[PDB]
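Peer 1: Based on what follows, work out the 3D shape:
(chains A, B, C, D, E, F and G, ligands or ions: 1)
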Amino acid sequence: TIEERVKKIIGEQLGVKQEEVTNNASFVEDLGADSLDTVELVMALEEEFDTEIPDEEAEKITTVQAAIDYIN
Amino acid sequence: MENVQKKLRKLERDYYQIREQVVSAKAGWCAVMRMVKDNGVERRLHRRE
Amino acid sequence: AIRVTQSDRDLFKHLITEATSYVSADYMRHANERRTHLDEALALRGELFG
Amino acid sequence: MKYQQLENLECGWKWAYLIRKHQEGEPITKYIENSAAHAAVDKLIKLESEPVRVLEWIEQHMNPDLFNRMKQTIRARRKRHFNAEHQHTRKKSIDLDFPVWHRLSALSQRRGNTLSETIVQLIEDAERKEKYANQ
Amino acid sequence: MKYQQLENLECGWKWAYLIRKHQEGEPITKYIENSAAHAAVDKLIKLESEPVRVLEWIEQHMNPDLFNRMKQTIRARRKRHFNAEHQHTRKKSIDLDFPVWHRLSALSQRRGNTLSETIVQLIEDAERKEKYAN
DNA sequence: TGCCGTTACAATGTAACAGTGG
DNA sequence: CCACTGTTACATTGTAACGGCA
Ligand SMILES: *P(=O)(O)OCC(C)(C)[C@@H](O)C(=O)NCCC(=O)NCCS
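Peer 2: Numbers count the residues shown, from 1 in each chain, chains lettered A, B, ... in the order given. The coordinates are given below.
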């Protein structure tokens, strides 16, 4: 499903545990993903669901909950 | 301007290729990092020299 | 005893150094290639979005 | 030369090629005598962990027939090994029915371009129709 | 069943396949102990020139997990062996650059056709476009 | 379900053509 | 000239996944 495909992408693009990645887990502070890591995370999220996102609306996404919210 | 649309499609395919390459490389690197949890990576593997 | 310990120490040193030189080289090559590919990719992303 | 030649890798490739050919039953040796051929093969086997000596063993006992096949197979293996790094440089193997392949090859030889280029042109014309339908 | 099965041929095929796998290092036999495995492999090696006994050898000592792979390999061998008689039933193998293959497979999956059918349709549409223009 | 044809690949080996530099 | 390299177009064998049929 989408709400777990997001976890599939996030865990394997940041290397963090599945338990760590909750809905409210922010990438930078909780998951530790920095500038380039978050860039690669958004690219992977785009690839998984074969869609595209605007630059500003994409950069607005900075959390698992926000990630799914834009994805779903 | 359908030619311009075709140019956009060609650039889109190139960008898809590059993004797929980058994402696959990142996933492999993350898998390796999770697999080197045995602490052989701090200095022994990442030789900045 | 001296012979055996020297042989084991030399084996350890050689294996360790050779394995590190074998792996870390490709590891750093992969890191550099990934960074370069990302730098190239951003330009295509921007132009496609425009 | 476009692809970097690595000695300690190509030597192992060559040794593996010789061993595969021998175990398949072919006469890699240039010797007609059974004893010398057996000794040379045994020495090649001993050379498993010393790929560097495989070049000398080649120059000493390799059948004169196999030089062309050797230079072909290792060259192709080098190309494939370096192309496997990225998907966009890889190759995909497909099987085609005789009529379809016959028509496609005739078309390609007519246009004087490779099969991939002909497929590109065909799919591009179809995609042009699709694009103009979309617009 | 479309292709008639011949015992003296398929049994030779099976013997050759098992010998190839053994030479490749695959564990042919179900015996973890090396002595029994070596004895069974020697029985197979000296068992050459025998269909009626290679079948029994497979039934008795064959590794359980290789049965499916061997069965499908023999299926493919039978089909190819019978199809290689006539030109029109043969298959031509080619290598396609990854982007071209990706686009072609996209079309084939989209339309539900196979690669051969997809290429046939594409060539036919190209011909029809030629006739339209001409 | 288990056999049986069929497809779409992967891996490796070769012949032939095209390039390149010594 | 000549040799060595890169590339394309096959072949050959093996395997996994579908789908038909008793
Ligand atoms: P991190 O602190 O290394 O930052 C990386 C980055 C956010 C600057 C980078 O990923 C990026 O977004 N670069 C392009 C910025 C942009 O919007 N450029 C316009 C299109 S080229």
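
Peer 1: ok, residue A:57 - contacts?
Peer 2: Residues in contact with residue A:57 (C-beta atoms under 8 Å, 6 or more residues apart in numbering or on different chains) are residue A:70. Every C-beta, even on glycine, is put in place using the N, C-alpha and C of the backbone.

Peer 1: Repeat the analysis, applying 6 Å as the threshold.
Peer 2: For residue A:57, no contacting residues are found, by C-beta atoms under 6 Å, 6 or more residues apart in numbering or on different chains.

Peer 1: swap in residue A:5?
Peer 2: Here residue A:5 is in contact with residue A:48 (criterion: C-beta under 6 Å, 6+ apart).

Peer 1: Would you list the phi and psi of it?
Peer 2: Note on residue A:5: its backbone torsions stand at phi -60, psi -30 [degrees, to the nearest 10].

Peer 1: Distance check, it against chain E.
Peer 2: Distance, residue A:5 to chain E, using C-beta to the nearest C-beta, to the nearest Å: 20 Å.

Peer 1: And for residue A:41?
Peer 2: For residue A:41, the distance to chain E - C-beta to the nearest C-beta - is 24 Å.

Peer 1: and the helix or strand hosting that residue, anywhere near chain C?
Peer 2: Mapping residue A:41 onto the secondary structure by DSSP states H and E places it in helix A:35-48. No. Helix A:35-48 stays clear of chain C (C-beta under 6 Å from any C-beta of the partner chain), getting no nearer than 6.6 Å.

Peer 1: Can you list the buried residues in the next helix or strand after that helix?
Peer 2: Next helix or strand after helix A:35-48 toward the C-terminus (DSSP H and E): helix A:55-59. Residues residue A:58 are the ones in helix A:55-59 that count as buried (16 or more other C-beta atoms under 10 Å in any protein chain shown).

Peer 1: just checking, what packs against whichever helix or strand comes after helix A:55-59?
Peer 2: Downstream of helix A:55-59, the first helix or strand assigned by DSSP H and E is helix A:64-71. Applying 3 or more C-beta pairs under 6 Å, 6 or more residues apart in numbering or on different chains; DSSP states H and E, one finds that helix A:64-71 contacts helix A:2-14.

Peer 1: roughly how far is the helix it packs on from the heart of the chain?
Peer 2: Chain-centre distance of helix A:2-14: 7 Å, with C-alpha atoms, centre = their mean, to the nearest Å.

Peer 1: list the buried ones in that helix?
Peer 2: A:6, A:7, A:9, A:10, A:11, A:12, A:13, A:14.

Peer 1: As TSV, the residues you listed with distance to residue E:51 would be great.
Peer 2: TSV is the format used below for those (distance: C-beta to C-beta, whole Å):
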residue	distance to residue E:51
A:6	57
A:7	55
A:9	54
A:10	57
A:11	54
A:12	51
A:13	55
A:14	58
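
Peer 1: Could you look up the SS state of the most centrally placed residue in chain B?
Peer 2: Nearest to the mean C-alpha position of chain B, by C-alpha atoms, centre = their mean, lies residue B:22 at 1.7 Å. At residue B:22 the chain is in helix, as set by DSSP: H, G, I helix; E, B strand; the rest coil.

Peer 1: For it, which residues are in contact?
Peer 2: C:37, C:38, C:41.

Peer 1: quick revisit: of all the residues in the helix holding residue A:41, which ones are buried?
Peer 2: In helix A:35-48, the ones that count as buried by 16+ other C-beta under 10 Å are A:37, A:38, A:39, A:40, A:41, A:42, A:43, A:44, A:45, A:46, A:47, A:48.

Peer 1: same deal with stretch A:16-35?
Peer 2: A:16, A:21, A:25, A:27, A:30, A:31, A:33.

Peer 1: For burial, what's the neighbour tally of residue D:28?
Peer 2: Residue neighbour count, defined by other C-beta atoms under 10 Å in any protein chain shown, stands at 24 for residue D:28.

Peer 1: mind checking how far it is from chain B?
Peer 2: Counting by C-beta to the nearest C-beta, the gap from residue D:28 to chain B is 38 Å.

Peer 1: Would you confirm that that residue contacts residue D:19?
Peer 2: No. Residue D:28 is beyond contact range of residue D:19, at 8.8 Å (criterion: C-beta atoms under 6 Å).

Peer 1: Phi, psi for residue D:6 please.
Peer 2: Dihedral angles of residue D:6 (phi, psi; degrees, to the nearest 10) stand at phi -110, psi 120.
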